[PDB]
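One structure is given below, encoded as structure tokens.
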Protein chains: 2
Amino acid sequence: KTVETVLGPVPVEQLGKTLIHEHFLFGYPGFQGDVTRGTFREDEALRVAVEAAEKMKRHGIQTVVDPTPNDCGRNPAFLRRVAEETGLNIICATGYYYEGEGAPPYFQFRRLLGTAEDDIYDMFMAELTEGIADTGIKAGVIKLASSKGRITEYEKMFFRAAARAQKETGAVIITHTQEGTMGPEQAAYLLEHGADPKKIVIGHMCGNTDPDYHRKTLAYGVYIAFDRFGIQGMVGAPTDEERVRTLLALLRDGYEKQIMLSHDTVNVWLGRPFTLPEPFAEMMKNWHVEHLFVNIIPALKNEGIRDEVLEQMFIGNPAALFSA
Amino acid sequence: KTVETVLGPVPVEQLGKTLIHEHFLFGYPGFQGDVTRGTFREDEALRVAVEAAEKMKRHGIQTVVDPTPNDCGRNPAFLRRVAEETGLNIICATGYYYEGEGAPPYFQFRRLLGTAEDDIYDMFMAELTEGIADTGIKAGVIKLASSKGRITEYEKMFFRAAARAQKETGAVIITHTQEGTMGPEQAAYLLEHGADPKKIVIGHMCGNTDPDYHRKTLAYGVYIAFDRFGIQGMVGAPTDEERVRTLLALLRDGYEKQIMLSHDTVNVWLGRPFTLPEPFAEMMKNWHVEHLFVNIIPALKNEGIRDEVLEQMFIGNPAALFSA
Ligand SMILES: [Co+2]
Ligand SMILES: [Co+2]
Ligand SMILES: [Co+2]
Ligand SMILES: [Co+2]
């Protein structure tokens with residue numbers, strides 16, 4: 001009936017139009033060490049955050065799930081400030097990034113002491129039911145991620161703990177797949193440990209452009225997300241054209257009730273500011289929160305997708321997802 | 001004649017008896033993500049920190065070099081407070097940990113933008129001559145680290161950036177070698193890039209029992225450091241007896257002006273508290289800051305090492321390294 005947000009519990013019946021995967025703040029593990037030259041300009045970040053939030057509300061968005069990992073600059077207190085100033089419902093997460101590019105030394109160590117999984121589970125429980133640090137803010141989703149072509153042994157501890165925290169709380173699990181791989185695998189592993197398919201969102205599915213891969217994942221009964229619209233070139237990612245084609249093939253097969261969309265934007269980059277080289281800066285031109293509403297959805301309508309299906313993805317699916 | 005401490009420039013000839021490598025605080029990359037169950041406890045951490053500084057004091061230590069990497073919990077301000085309640089001179093560093101136990105994603109990204117090396121140099125330069133964050137405290141040494149059996153491309157970035165900064169500033173470079181490898185390699189790589197050998201210290205040299213390996217490293221004219229006394233248990237990694245036996249050989253061959261000692265203790269672990277399995281635990285029972293003065297030095301004296309060589313290592317060498 002309710003889900004935890006940065007401002008406290010909110011009736012699931014009130015989430016409304018939802019972007020399932022966006023980042024107000026984000027930093028690659030290691031930015032913390034570049035504090036001297038890559039300081040966090042609080043007020044400016046919030047200005048940028050707030051504008052982004054306002055651009056979403058301008059298109060009907062009422063809720064955003066910001067799944068920024070514990071080791072990537074998660075900052076509930078800052079999210080709360082954005083929520084207080086915009087009225088936007090913001091749901092944060094608990095979880096670590098994938099091994100390829102996260103901060104694994106800490107828990108790899110506890111793995112030697114043979115307590116990692118229990119410690120992780122203890123962490124998920126605490127952030128899901130008591131609060132994150134001394135902020136009083138609880139996380140609404142468990143964030144998981146796997147590497148390219150494999151779910152490492154390090155990542156499996158997080159998956160097992162996730163399934164266990166989910167059995168206990170009925171918390172939603174959101175995942176990150178790397179370069180269109182491991183979708184079916186993530187679902188199988190999570191289900192094999194008792195996780196509830198109706199509470200799982202396998203992310204970055206748009207990373208694979210072969211519908212049989214999607215169908216193979218959809219068969220486990222989970223939700224999947226085409227959440228990187230706008231990201232082009234970088235990460236051997238596909239194109240928005242390919243994304244649409246794949247999405248169209250699924251919508252026509254009748255999978256609308258298992259599909260969600262988002263951009264996966266990074267509104268304020270943590271650490272030192274950088275600028276992307278000419279070639280890529282161009283292909284990423286549409287990587288912003290208004291992209292789905294200004295370019296993608298109009299495109300889907302010309303292709304015959306009707307309003308009822310769009311509402312199912314942006315309002316109905318999130319509603320079902322967050323309610324047992 | 002002066003060196004930067006967490007309390008500003010101090011005169012080199014006033015450093016006195018020194019421990020070249022100790023950590024008041026340390027946390028493995030990822031500790032930050034476990035903030036909820038592993039919150040930092042100021043008051044208490046400060047109690048252990050100072051108590052540790054007081055025990056060192058009992059034995060004549062007036063100066064400690066705390067090279068905690070930027071991504072491993074370095075906290076100049078905290079160090080600053082320990083110095084105030086003890087008077088003890090504390091020199092901190094600027095640098096990142098090696099690939100395996102560090103937070104590589106952040107600078108791996110800049111690397112793709114062909115800017116890592118130059119950014120790292122910018123960071124070193126900034127922390128050695130202006131201040132760390134808004135602490136006003138300048139680092140007094142650059143910390144470098146390489147992995148087992150090799151200096152990866154990620155690590156060579158910091159080495160190059162480090163040689164470049166040593167030239168322009170005359171700053172000391174202190175290193176970490178993993179499992180007794182790469183000492184001669186690191187020294188060669190740094191010298192072959194302009195660094196000054198009398199301003200370098202190859203660390204964890206006590207990691208290799210073969211005295212020849214040391215002769216190789218010492219032949220470059222650099223200082224080496226047996227800085228892990230007390231650490232035994234990696235089952236295959238050096239015991240103190242082997243360390244002593246190796247120290248004795250090199251001192252007897254006349255290499256006293258190039259050697260320094262320490263424990264590499266971690267006084268306050270960052271993240272959630274833990275406990276070593278009883279076999280290892282009882283085997284690391286001498287890993288504290290008094291081990292050198294209560295066991296090692298007495299044992300070296302019982303083997304014929306004269307008071308004047310001990311002073312050369314503890315006072316004369318640190319004075320020469322930093323006097324430049
Ligand atoms: Co992701
Ligand atoms: Co994301
Ligand atoms: Co070390
Ligand atoms: Co160390």
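Note on naming: chains are A, B, ... as they come in the structure tokens, residues start from 1 per chain, ligands start from 1 in the order shown.
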*Give as an NGL selection string every residue of chain B that touches chain A within 9 Å, counting only C-alpha atoms.*
:B and (27-39 or 69-74 or 95-96 or 100-107 or 109-110 or 113 or 119-120 or 122-123 or 126-127 or 131-134 or 271-272 or 274-277)
*Which residues sit within 8 Å of ligand 2, counting only C-alpha atoms and all ligand atoms, listed as a ChimeraX atom specification?*
/A:21-23,66-68,176,264-266
*Do a neighbour search on range 249-257 of chain A at 9 Å with only C-alpha atoms, toss out local chain neighbours closer than 2 positions, and write the hits as a list in words.*
residues 211, 214, 215, 218, 223, 244, 245, 246, 247, 259, 260, 305, 309, 310, 312, 313, 316 and 317 of chain A
*For residue 146 in chain B: contacts at 8 Å, only C-alpha atoms, fewer than 3 positions along chain excluded, given as an MDAnalysis selection string*: chainID B and resid 98:99 150:152 155 176:178 182
Expected file: the selected residues, C-alpha atoms, as a PDB file, in the first residue's frame:
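For reference, part.pdb as written:
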ATOM      1  CA  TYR B  98      46.834  -0.057  -6.509  1.00  0.00           C
ATOM      2  CA  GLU B  99      44.338  -1.541  -8.967  1.00  0.00           C
ATOM      3  CA  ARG B 150      53.362  -6.043 -12.228  1.00  0.00           C
ATOM      4  CA  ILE B 151      52.857  -2.301 -12.488  1.00  0.00           C
ATOM      5  CA  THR B 152      49.599  -2.117 -14.482  1.00  0.00           C
ATOM      6  CA  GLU B 155      49.288   2.317 -11.910  1.00  0.00           C
ATOM      7  CA  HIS B 176      53.793  -0.032  -1.805  1.00  0.00           C
ATOM      8  CA  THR B 177      54.931  -3.266  -3.456  1.00  0.00           C
ATOM      9  CA  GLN B 178      52.545  -6.210  -3.337  1.00  0.00           C
ATOM     10  CA  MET B 182      58.340  -4.993  -8.441  1.00  0.00           C
TER      11      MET B 182
END
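Assigned to strand (DSSP E) in range 11-66 of chain A, given DSSP computed from backbone atoms, are residues 11, 18, 19, 23, 24, 25, 26, 63, 64 and 65 of chain A.
We find CA of residue 49 in chain A and CA of residue 25 in chain A to be spaced 8.1 Å apart.
When only C-alpha atoms and all ligand atoms are used to compute distances to ligand 1, the closest of the residues A:290, A:179, A:196, A:117 turns out to be A:179.
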*Going by DSSP on the backbone, which bits of range 171-310 of chain A are helix (DSSP H, G or I)? Write them as a VMD selection string, please.*
chain A and resid 183 to 192 197 to 199 205 to 207 211 to 218 234 to 236 240 to 252 256 to 258 278 to 283 291 to 302 307 to 310
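Shortest atom-to-atom contact with ligand 1 among A:267, A:232, A:147, A:209: A:147, counting only C-alpha atoms and all ligand atoms.
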*Which polymer residues have any atom within 7 Å of an atom of residue 6 in chain B, counting only C-alpha atoms, with same-chain residues fewer than 3 positions away left out, as a list in words?*
residues 76, 79, 80, 90, 91, 92, 137 and 138 of chain B
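Among the candidates B:145, B:88, B:10, B:281, the one nearest to ligand 4 when counting only C-alpha atoms and all ligand atoms is B:145.
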